[PDB]
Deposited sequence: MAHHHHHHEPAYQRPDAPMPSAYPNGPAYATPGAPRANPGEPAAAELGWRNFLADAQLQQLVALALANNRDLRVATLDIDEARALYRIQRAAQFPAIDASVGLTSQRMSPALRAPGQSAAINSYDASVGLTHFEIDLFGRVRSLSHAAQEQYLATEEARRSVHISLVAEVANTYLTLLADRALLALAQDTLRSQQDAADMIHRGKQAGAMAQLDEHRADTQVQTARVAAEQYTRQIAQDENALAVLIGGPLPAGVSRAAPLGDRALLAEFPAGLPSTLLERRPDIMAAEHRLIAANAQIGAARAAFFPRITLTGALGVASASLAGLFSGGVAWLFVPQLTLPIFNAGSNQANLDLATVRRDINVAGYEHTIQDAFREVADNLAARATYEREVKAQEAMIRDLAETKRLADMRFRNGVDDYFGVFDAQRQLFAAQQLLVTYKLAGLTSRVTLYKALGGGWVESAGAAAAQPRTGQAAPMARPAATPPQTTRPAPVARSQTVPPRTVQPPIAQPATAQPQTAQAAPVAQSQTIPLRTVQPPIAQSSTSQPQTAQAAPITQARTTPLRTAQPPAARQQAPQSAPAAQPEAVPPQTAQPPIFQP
């Protein structure tokens, strides 16, 4: 069926996905559960769009069944491509929800550590009484440091609740006790890295390419001829799962890609041989033109998610060096305040920037993980062992 154990490496994460797949609900209900779960924890957190994190074929599926009656939905969803599309969405949505859960716990723990340190900072400032011209200013500042920490902790406790609700919906039942006692996000690896040199033929398993090839078979076209004409044969990834030079070369210069379609095999058994070797005439067939566009969108989608990930990993490293400088700045501020050389504003300003940067680091790490989950989908379901 669908392969995901090579991508989802964490044992607890593997357990959740297996329970979501083993649920006895029908695919129409599974579609309704994924919709409800995303609304609980994902759609409205796009502020920091109902289709966020969905590939082209997922958007196709969810829009098609929404336009249909229940009878039509159950029949549309019985096809092999529709079944694979719902499985891919379900596997990915369980992973992104459990990863988001572990991220929101780290955010809560960070907000609680900040809350405890700032409560002791506010205690130390009030102890050293002084003239109210500036001392009263330091007291209000120290209190609004604690206030921002308390508010952040409350936001993350609520987001943890939403993650656990959506996770229960996605697996169709109560959460196992292993979720309650899972190791913090930190630096441990839950996803496996994409292998180097993934073949583009993996995209044949995309539900939107399967349906496009099915339409051509029913229209009496030869799929082999169509692949030769419109389906690039390149590697998709390079070292450490970055975009391969072949894939980046297809989109060098932007605009429309640089793949050159050529007709060497007749796509249709009918019509004159001259018509079978002219691209313009073959593109007037709706199933050939749709097939050609579906392949360009599939490759473009794969390149876009690889670049998106590279951007997020860049932001993580930038945020870490920023946290490195702010940590030292706050240390040199704490030192000058303890001696009395400078006022407390320097500690206040540095701590407030440090805590904001530490929260951003977690969100940027999660976005990198999320984009790997999305790339697992855009490939048609990861890679073969």
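**Student:** Where are the holes in the model when you compare it to the deposited sequence?
**Tutor:** Sequence ranges with no C-alpha atoms are 1-45, 94-124, 462-600.
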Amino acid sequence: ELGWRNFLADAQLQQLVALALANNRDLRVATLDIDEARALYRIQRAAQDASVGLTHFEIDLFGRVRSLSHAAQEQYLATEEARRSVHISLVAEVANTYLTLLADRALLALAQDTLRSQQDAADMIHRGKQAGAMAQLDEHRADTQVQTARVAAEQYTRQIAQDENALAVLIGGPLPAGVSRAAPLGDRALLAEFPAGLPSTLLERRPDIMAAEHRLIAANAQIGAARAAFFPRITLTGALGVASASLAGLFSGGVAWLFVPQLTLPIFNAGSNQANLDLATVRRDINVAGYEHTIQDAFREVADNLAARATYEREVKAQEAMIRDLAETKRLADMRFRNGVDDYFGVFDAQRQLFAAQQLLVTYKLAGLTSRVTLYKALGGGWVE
From here on, numbers count along this sequence of modelled residues.
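**Student:** If you average the Cα B factors in the entry, which is higher, 174-182 or 197-205?
**Tutor:** The stretch with the larger mean CA B-factor is 174-182.
**Student:** Taking the recorded C-alpha temperature factors, which stretch has the higher mean, 335-343 or 60-68?
**Tutor:** Result of the comparison: 335-343.
**Student:** Per the entry, which of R309, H214, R116, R284 tops the list for Cα B factor?
**Tutor:** Largest recorded C-alpha B-factor: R116.
**Student:** In this PDB entry, which of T79, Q296, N269, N96 has the top CA B-factor?
**Tutor:** The record points to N269.
**Student:** Select lowest, middle or highest to describe the third in which the CA B-factor of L2 falls within its chain in this entry.
**Tutor:** CA B-factor rank for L2: highest third.
**Student:** Using the B-factors in the PDB entry, rank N220's C-alpha atom against the chain and give the third, lowest, middle or highest.
**Tutor:** Middle third - that is where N220 ends up once the chain's C-alpha B-factors are sorted.
**Student:** Mind checking which third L354 falls in for C-alpha B-factor across the chain?
**Tutor:** It belongs to the middle third of the chain when residues are ordered by C-alpha B-factor.
**Student:** When the modelled residues of the chain are sorted by Cα temperature factor, does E139 land in the lowest, middle or highest third?
**Tutor:** Within its chain, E139 is a highest-third residue by C-alpha B-factor, going by the deposited values.
**Student:** Please rank the C-alpha B-factors of the chain's modelled residues and tell me whether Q48 sits in the lowest, middle or highest third.
**Tutor:** Its C-alpha B-factor belongs to the highest third of this chain's values.
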